[PDB]
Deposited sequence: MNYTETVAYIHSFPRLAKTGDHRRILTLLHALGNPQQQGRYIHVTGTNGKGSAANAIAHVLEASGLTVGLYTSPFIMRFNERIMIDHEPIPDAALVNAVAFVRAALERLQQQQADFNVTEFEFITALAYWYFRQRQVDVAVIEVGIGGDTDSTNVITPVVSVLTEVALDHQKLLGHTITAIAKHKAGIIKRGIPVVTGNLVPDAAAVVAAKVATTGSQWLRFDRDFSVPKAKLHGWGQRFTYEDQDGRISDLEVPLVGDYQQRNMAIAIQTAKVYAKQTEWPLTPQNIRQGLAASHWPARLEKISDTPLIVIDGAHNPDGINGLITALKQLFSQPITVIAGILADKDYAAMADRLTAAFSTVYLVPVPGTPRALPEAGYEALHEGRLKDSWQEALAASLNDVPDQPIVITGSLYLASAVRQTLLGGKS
């Protein structure tokens, strides 16, 4: 197949890990080789994972990064030193995994794997083929039964536990926490955010049984100082070894302080566990040189356009709150019911549908598309800033169009 057929192939796919393990076994069990950092959490995993990678890359390691979802194009989900797998490399890898799959389907007639299982198996194989020093692995959903959970990492990360995936993980924080805690492994250290009580209890009980060292935000490490500074933040990190002062990261949003602190502590743990050098300078450089697409990103200066994947209140309110701090003057917001918090916060607020979703009737200011809303604002008030937010899918659609 060619590249386009290959991607189509991947997306044509339909409780334990037997299916993926069978595929991995046919691929030579690449998941058993090399090193990994396993990251989960209801919110913040992509952010923490991305930062951990930048930091370790700056220290001189070749780093695999597996994240979801993609923003510009599929290839972004499998990176090595932040370079997406090349189109031709994807074709070859898909061909290789497909051949193993088909061979397997000869032995066991109705053998199949899910889409995430196929991609995950391919990513593990690819990371090993390229012999990366370490692969930073973002859990798809939950932890314990997530398709990525067939590895023993050097360190595990649990950013936070919230109700976002109730329909699959459970009805209570405790239930969801048990899923996330499933990536904590025997003797392997775990770095977490300052988890709410119910989640913290689940983790405390888990590390008691695994004997894992548990480093927790606001207990073992923290961010004593932090302020907005340009389209980013200047902050101080502190842990058992002291402070790394005035670090800078091109990321706005209060919650990103916790995610960056988690990233820093995790990189330090990884480096210590592997007897690898990691300096405050490596950390500073990784954080500075890092970048975050579609998450409160100012994709343009004149006109001033910002795209955001703010999905939940924490993000949108962190947005509204950041917007307020970032902008003291009138702006336009194109959002595709955190809506009420926007219309009361900003002058011009347009509501549009999310590009790849069914338009639904309003339950007892509205435009038919982001392009129409963008065009209108630019025509009416060319110099008024425009912030696009609401969904990652909309953000991604806009970025693809405007930065393509």
Deposited sequence versus model: which ranges have no CA atoms?
15 to 19, 342 to 349, 378 to 385, 426 to 428
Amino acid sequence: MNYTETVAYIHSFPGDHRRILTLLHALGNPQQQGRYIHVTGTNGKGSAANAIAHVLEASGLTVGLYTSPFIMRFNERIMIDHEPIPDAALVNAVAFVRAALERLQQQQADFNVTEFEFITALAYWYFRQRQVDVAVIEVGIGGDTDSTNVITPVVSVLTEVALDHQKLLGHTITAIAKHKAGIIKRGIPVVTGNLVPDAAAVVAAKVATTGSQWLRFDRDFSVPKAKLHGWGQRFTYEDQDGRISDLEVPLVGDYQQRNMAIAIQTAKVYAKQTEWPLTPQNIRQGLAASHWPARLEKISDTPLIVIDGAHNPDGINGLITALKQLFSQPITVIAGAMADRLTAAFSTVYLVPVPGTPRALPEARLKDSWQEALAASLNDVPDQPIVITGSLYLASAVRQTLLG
From here on, numbers count along this sequence of modelled residues.
319 to 327 or 220 to 228, whichever carries the higher mean Cα B-factor:
319 to 327
Taking only the CA atoms, which stretch has the higher mean B-factor in the record, 119 to 127 or 240 to 248?
240 to 248
Selection from 339, 65, 58, 39 [criterion: highest C-alpha temperature factor in the record]:
339
Take the CA temperature factors straight from the PDB entry and tell me which of 206, 179, 77, 311 peaks.
311
Chain-relative C-alpha B factor for residue 395 (record values, thirds): the middle
Could you place residue 25 in the lowest, middle or highest third of its chain by Cα temperature factor, using the values in the record?
lowest
Quick check for you: using the entry's CA B-factors within this chain, is residue 189 in the lowest, middle or highest third?
lowest
Residue 356: CA B-factor among chain residues, third -> highest
Assert third(CA B-factor, residue 133) within chain per record equals lowest
